[PDB]
Amino acid sequence: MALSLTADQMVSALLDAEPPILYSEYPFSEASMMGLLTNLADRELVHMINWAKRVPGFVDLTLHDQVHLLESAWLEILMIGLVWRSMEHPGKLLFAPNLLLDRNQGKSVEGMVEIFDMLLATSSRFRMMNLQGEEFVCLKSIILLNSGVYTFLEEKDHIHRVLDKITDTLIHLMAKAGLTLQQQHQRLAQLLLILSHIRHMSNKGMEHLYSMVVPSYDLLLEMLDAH
Amino acid sequence: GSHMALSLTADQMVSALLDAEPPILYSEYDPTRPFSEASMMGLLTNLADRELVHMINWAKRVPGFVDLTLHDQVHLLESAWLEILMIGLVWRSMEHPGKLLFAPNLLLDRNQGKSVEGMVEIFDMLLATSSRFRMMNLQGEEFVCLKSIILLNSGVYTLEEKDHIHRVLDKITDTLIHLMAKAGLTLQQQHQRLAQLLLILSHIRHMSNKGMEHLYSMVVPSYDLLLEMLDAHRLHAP
Ligand SMILES: CCCN1CC(Nc2ccc([C@@H]3c4ccc5[nH]ncc5c4C[C@@H](C)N3CC(F)(F)F)nc2)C1
């Protein structure tokens, strides 16, 4: 079913599966801000599972394979969402409609301001590139499928085939937007190189999170099996 | 004369990158004394230090690099030096399944990595990257473009100078796509292959982040040392 879609059906499916916008719990301190981010991150987690279950090809995997991808990708997925949302708010991180924070606010927690600066710079980068919605969901899917792939294999080829298909889909969007051939491979390159920065941000996030917790394999399996 | 980076054709980009390539270095031990008489970390640290000096010289020959300020050259080098060692390693390990070719006299397997702690996770990741590169039949011409991408893109996110780096990156991408056109891949194959290569770079970044964590837990080249090294290059005999 997955590999037979057209790039149009690929985009539609990806657009449909998109999680809802969530609010933060209805001035701020360290403990205050971390509690609010944690509770928001925890509630986005449940919706991210529902989102993952609708990414074509993902339900074709064994449950163990699904947990491994989500375990590797979850923080990258929250960060790409955040950076997407904060595109039109220079200097600001849009965590939720009622939770828009500046870098000064990032100084509320020790060691968090670095992460904030990197997230702001990525946001400004995607804004500069005029990232479109249809391209965003394609990238978010690539993170899910790529992030854990080299850290688990007839099923390895299967993931790679979906990845190839998302690449096709990205190109097709770029051609429908009237980019030249040359411009198409250049934009593709620019988008995928940003993924390395997201991976880096995620690793710095985990480090900070382990200086204090991260969703366990068991919890992830539970939620994935509960769907 | 002097070429400007942005003027180069695909063939001139490749040739500049091929000619910039550093030599394969040997590990420094006495082949008479047993490998039980030496530290694993000792050998790797010594090799990495010597590779770093060549990495300076190599970075200066990447088109566009010297167009940047000293300060910017140093920031890029500081953020991508481990990823550069790591991609060189995965490349030369390609024909040695299950083994990492640190040097022609330092070919290590998994069980050998379990001696230093934390080091086994990284070894496994390096081995899988290496087998991914094999399965794709990565070419030397492609490897040089990837290595240059890493150098310029690793610290670009961390301002009209940025347009320049951005243009250089576009040129390297053009070069990769020319290489794949010349080798007879269709358009869709070219895009797919390019995508597969760039995604492997995120994995290398991951590996470098874990490498760095391990080294901070123990020496990492500081902004100042690198500054000293790039500045010292100007006093080297051409
Ligand atoms: C100039 C000041 C001192 N510098 C600090 C550095 N020490 C150092 C020691 C060991 C390593 C080794 C190493 C050594 C040699 C290499 N050649 N190619 C790849 C390669 C690698 C990659 C990895 C396996 N790596 C370990 C880890 F970092 F990932 F954990 N890398 C660096 C020298």
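Naming convention: chains lettered A, B, ... in sequence-line order (proteins, then strands); numbering from 1 in each chain. No hydrogens, no waters, no symmetry mates; every other heavy atom, side chains included, goes into these values.
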Here the pair of heavy atoms bringing A:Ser196 nearest to B:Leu201 is OG-C, 3.7 Å
To the nearest 0.5 Å, atom CD of B:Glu83 lies from atom NE2 of A:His200 at 9.0 Å
Review point. So, do B:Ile177 and A:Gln182 sit near enough that their side-chain heavy atoms are less than 4.5 Å apart?
Key: no
Value for CG (B:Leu199) from CG (A:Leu163), rounded to nearest 0.5 Å, stands at 6.5 Å
Taken to the nearest 0.5 Å, the spacing of B:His191 NE2 from A:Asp164 CG works out to 12.5 Å
Here the gap from B:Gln190 atom CD to A:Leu181 atom CG, rounded to the nearest 0.5 Å, amounts to 9.0 Å
Value for CG (B:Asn209) from CG (A:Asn203), rounded to nearest 0.5 Å, stands at 4.0 Å
Just do the side chain to side chain contact (heavy atoms under 4.5 Å, CB included) check on B:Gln196 and A:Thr167 with the steps written out, would you? CA-CA 9 Å; B:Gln196 288 153 21; A:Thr167 300; over 6 Å; no
**Asked** Can you find a pair of side-chain heavy atoms, one from A:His197 and one from B:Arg205, that are under 4.5 Å apart?
**Response** yes
So CD of A:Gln186 and NZ of B:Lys171: to nearest 0.5 Å the spacing works out to 8.5 Å
